[PDB]
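Provided hereafter are the protein sequence and its experimental coordinates.
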Amino acid sequence: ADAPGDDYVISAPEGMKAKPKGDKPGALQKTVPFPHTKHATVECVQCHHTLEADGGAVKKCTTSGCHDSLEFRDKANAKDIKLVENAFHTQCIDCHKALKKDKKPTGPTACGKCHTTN
Ligand code: HEC
Ligand code: HEC
Ligand code: HEC
Ligand code: HEC
């Protein structure tokens, strides 16, 4: 397939829950701009890890049967790879952090520097 342009924004799937603020209803984080051209050095398959099984078509990470949970991350389900927060954080953050350590061009590691659209 062809990668979308750099104006692309990743947001939470509709219905996505959020940790309540004690007793007050919580809210979602800001959305995340994601520029593919800045990740040209990474093979598509590395992120779109099920590409082959999906026959060359690129499916959204949250599609049914994939990281489809709409449940917020807590202690009880902290290890569940089906969670949106785990799927994206493991992919995005780990690489950025590792590159930062090696002192080379990298992406954001701070919450506010990735969740920006607002
Ligand atoms: C990009 C390099 C990110 C960094 C750094 C952090 N987050 Fe993230 N997060 C990222 C994406 C692409 C997504 C999925 C799309 C979306 O916006 O939902 C997420 C998701 C979350 C969520 C779940 C959804 C929500 O409640 O809004 C949470 C709770 C969240 N991210 C929080 C968060 C915090 C506290 C971070 C700093 C420790 C953080 N994120 C870093 C991408 C990135
Ligand atoms: C990780 C750094 C990635 C690399 C390298 C590439 N893509 Fe990607 N792409 C990535 C994410 C996290 C997303 C959003 C997924 C979601 O569930 O929201 C995307 C999105 C796409 C899409 C559009 C999906 C949609 O909105 O329906 C396409 C078609 C796509 N990506 C194509 C693609 C190709 C061909 C790549 C190599 C040139 C490629 N991506 C690399 C993460 C990453
Ligand atoms: C459904 C066909 C999926 C698509 C599309 C994507 N992922 Fe996925 N992912 C899926 C499964 C079945 C599993 C593994 C089995 C299990 O139960 O754990 C995963 C695993 C990952 C992981 C962990 C990788 C590892 O530990 O080596 C991550 C971090 C992950 N997936 C992220 C991710 C993202 C961001 C996607 C969109 C670009 C994506 N996956 C798509 C199923 C599916
Ligand atoms: C390594 C395998 C990566 C993964 C997984 C993701 N990113 Fe990344 N990102 C990576 C590099 C090497 C760079 C720098 C590229 C360059 O040539 O300078 C980036 C950059 C970003 C940026 C731009 C930040 C800036 O300083 O302007 C953003 C906004 C970004 N990355 C977002 C992002 C998200 C949300 C990811 C998960 C879907 C993600 N990156 C994965 C390397 C890698």
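Cool, the structure landed. Numbering: from 1, shown residues only. Ligands and ions are numbered 1, 2, ... in the order given.

regarding the one residue sitting closest to the centre of the chain, what is its secondary structure?
By Cα atoms, centre = their mean, the chain has its centre lying nearest to residue 88, at 2.7 Å. The three-state label given to residue 88 by DSSP: H, G, I helix; E, B strand; the rest coil is helix.

so residue 31 sits against residue 11, correct?
Yes. Assessed by Cβ atoms under 8 Å, residue 31 is found in contact with residue 11 at 4.3 Å. Placement of C-beta: from N, CA and C, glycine included.

picking up where we left off before, next one: the residue nearest to the centre of the chain from ligand 2, what distance?
Noted for residue 88: a distance of 7 Å to ligand 2, by Cβ to the nearest ligand atom, to the nearest Å.

ok, now which ones touch that residue?
Taking Cβ atoms under 8 Å, 6 or more residues apart in numbering as the criterion, residue 88 is in contact with 10, 32, 61.

what's the separation between the residue of the chain most remote from its centre and ligand 1?
For the chain, the largest distance from the centre (Cα atoms, centre = their mean) belongs to residue 23, which lies 27.5 Å off. Per Cβ to the nearest ligand atom, residue 23 is found 18 Å from ligand 1.

quick check: phi and psi on residue 112?
In terms of degrees, to the nearest 10, the main-chain angles of residue 112 are phi -70, psi -20.

neighbours of it, just the number please.
9 (other Cβ atoms under 10 Å).

sorry, back to before: who's more crowded, residue 31 and residue 11?
residue 31 (15 against 12).

residues contacting the more buried one?
9-12, 115-118.

could you dump those to CSV with secondary structure?
Formatted as CSV, the contacts of residue 31 follow (three-state DSSP):
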residue, secondary structure
9, strand
10, strand
11, coil
12, coil
115, coil
116, coil
117, strand
118, coil
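
of those, closest to ligand 4?
residue 10 (6.2 Å; Cβ to the nearest ligand atom).

that closest one pairs with what?
Counting by DSSP bridges, residue 10 is bridged to residue 32.

quick one: it from ligand 3, how far?
Plainly put, residue 10 is 9 Å away from ligand 3 if you go by Cβ to the nearest ligand atom.

so that it lines up with my notes, have the first residue be 579 from now on.
Sure, I'll start counting at 579 from here, so that last one is residue 588.
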